[PDB]
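Worksheet: the structure to be examined is printed underneath.
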4 protein chains.
Amino acid sequence: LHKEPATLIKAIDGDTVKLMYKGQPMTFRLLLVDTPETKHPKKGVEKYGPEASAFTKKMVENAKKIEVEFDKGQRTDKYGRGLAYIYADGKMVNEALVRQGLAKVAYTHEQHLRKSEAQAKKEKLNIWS
Amino acid sequence: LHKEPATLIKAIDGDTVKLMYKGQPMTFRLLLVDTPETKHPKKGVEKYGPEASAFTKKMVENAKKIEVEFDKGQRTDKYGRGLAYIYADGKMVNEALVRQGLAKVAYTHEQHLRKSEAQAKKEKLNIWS
Amino acid sequence: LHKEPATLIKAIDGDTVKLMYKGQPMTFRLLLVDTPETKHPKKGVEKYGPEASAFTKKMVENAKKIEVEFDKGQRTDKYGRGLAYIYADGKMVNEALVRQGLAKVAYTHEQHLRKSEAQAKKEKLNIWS
Amino acid sequence: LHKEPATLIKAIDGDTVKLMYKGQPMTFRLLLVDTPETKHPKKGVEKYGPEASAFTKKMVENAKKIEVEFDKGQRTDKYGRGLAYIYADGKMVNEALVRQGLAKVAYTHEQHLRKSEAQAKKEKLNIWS
């Protein structure tokens, strides 16, 4: 999580955007957020999808400065879309979507994992010794 | 987050295991955890690095059944490594490491995002109508 | 239309907000936009009302700098709410609402009036002579 | 935008007429137009100011039926003046003035706002679903 400038090529849908990142075009996918579909080849457009797209679309279009929190490993999804936290003038796009009920936080095992970490810290195990 | 079998080939580090997935050799990076490394690009061998490596190796080599579970989003990194929650006889290596203080939970904006999702649910917005 | 700083006291609904304007609290109404209702004493909450409120609410809450385009005549509605164009970090709130289909532009005779003005300009009448 | 009768009392300027509205004396400021003034706070008598004043006066004094139409939003200013579209025998004084080049249409963000509303309608967003 180190911000880096990017510029908008074009907004694609609720959770994907095409940006110029490092002098090269790149389609980014919003980390940890799943918005309803609009352009998905398997199940079409879902309820609130259009509204989700419009939100993301205008958020990155009205923005003067766009930045991305894209890991040094440049992780991508199965379609080659780079995952990141996108900020429209410092406001996080993934959170803004989630807060308006236009995206759902994706299911991960983090909550469970930190539960364990706290316990290992308590017991002051190895790293936490 | 669907589980799939995989056959061990070789443990590479505390955070990386080479598996035979669907007939093809594949190297996996453990999701949501950061392990001290024996193979750090700049540092080389880190403190507790040998410990986490020995742990993953033992945990993985003594399992009868290995399984990988993928994040619906991030699936691969720029080095070609798959990203997964790996299981050794029903026990997650990711969590095993964290519990022993041999790995930390990766930084993420999930906690923040759930806070807002909870607010959205509460206010009965769009997808939560 | 000259911008002036204001600070957020609290967001009220889709089209009203309470701001500190000139060292005094003031409830502002968004000019030319009518959003569905939520807190209206005569007909309750309307469809898309909650969503409208959440939009305006977070727009002015996540904003570092808030400004208003409030006329020197300090025009108010029947409930004493001052009408203005509100900007959340330079982004106009009234337009953002309208663009997401959360507000409708209010009906005025302006389009008709400018039609006439153009004709008076053509004929280079009095002022335009 | 509902019309109501009003009885003339006295014309005050090109942009202001004192009317007897609902049994009470009320001074009205013409909506959406800016007229050169004979009674300008800083300038005093402006060019074409006498002309617009004479125009409003004649237009208003020779009408049999006067009516005021209000903006559903802005209704009063800090000086206590009501804001309205005034009609003299079915003819709007506001438009009459503009047509003769004796008044200009006030600056507004309505054109911009309709542009976006059209985009929202087209995309079938929320209220336009």
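When we count neighbours, we look across all protein chains shown, and the Cβ atoms used for this are built from the backbone with ideal geometry, even at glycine. Values quoted throughout were computed directly from the atomic coordinates according to the rules given, and no laboratory measurement underlies them.
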Diffusion constant of chain D at 20 °C, which comes from Stokes-Einstein with the Kirkwood Cα-pair radius and 1.002 mPa s, µm²/s: 135
Net charge of Cβ neighbours under 11 Å - reference B:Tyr79; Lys, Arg +1; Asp, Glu -1: +4
Positive minus negative residues near C:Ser53 (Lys, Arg vs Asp, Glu; Cβ under 10 Å): -2
The protein assembly as shown - Debye-derived log10 I(q)/I(0), Cα point model, q = 0.05 Å⁻¹: -0.32
Residue among A:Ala84, A:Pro36, A:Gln119 farthest towards the positive dipole end of chain A, charges placed on Cβ: A:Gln119
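Count the net charge of all other residues whose Cβ sits under 15 Å from the Cβ of C:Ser116, scoring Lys and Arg as +1 and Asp and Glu as -1.
On the way: positive: C:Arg114, C:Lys115, C:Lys121, C:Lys122, C:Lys124, D:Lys91, D:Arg99, D:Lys104; negative: C:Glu110, C:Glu117, C:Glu123, D:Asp34, D:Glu95.
It works out to a net charge of +3.
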Charged-residue dipole, Cβ positions (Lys, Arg, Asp, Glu), the protein assembly as shown about Cα centre, Debye nearest 20: 20
Rounded to the nearest 20 debye, dipole of chain C from Cβ charges on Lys, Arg, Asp, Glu: 120
Centre separation in Å (Cα based) which lies between the stretch C:14-33 and the stretch B:73-129: 41
Counting DSSP beta bridges with both ends in the protein assembly as shown, the antiparallel % (nearest 5): 90
Top of D:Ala106, D:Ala118, D:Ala11 by mean-square fluctuation, Gaussian network on chain D, Cα under 10 Å: D:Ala118
Within the stretch C:1-64: Cβ-based charge dipole about Cα centre, in debye rounded to nearest 20 (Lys, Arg +1; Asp, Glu -1): 180
Cα-based Rg of the stretch A:58-129 normalised by 2.2 N^0.38 Å, two decimals: 1.53
Sequence-distant residues sharing a close amide H with C:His109 (under 5 Å, placed H): none
Computed over chain D: relative contact order in percent, which uses C-alpha pairs under 8 Å that are six or more apart: 25
Per the axis that maps chain B onto chain A, nearest residue of B (Cβ criterion) and its distance in Å: B:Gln74, 1
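Compute the orientation-averaged projected area for the stretch D:1-76 from the convex hull of its Cα atoms and round it to one decimal in nm².
So the Cα hull casts an average projection of 5.3 nm².
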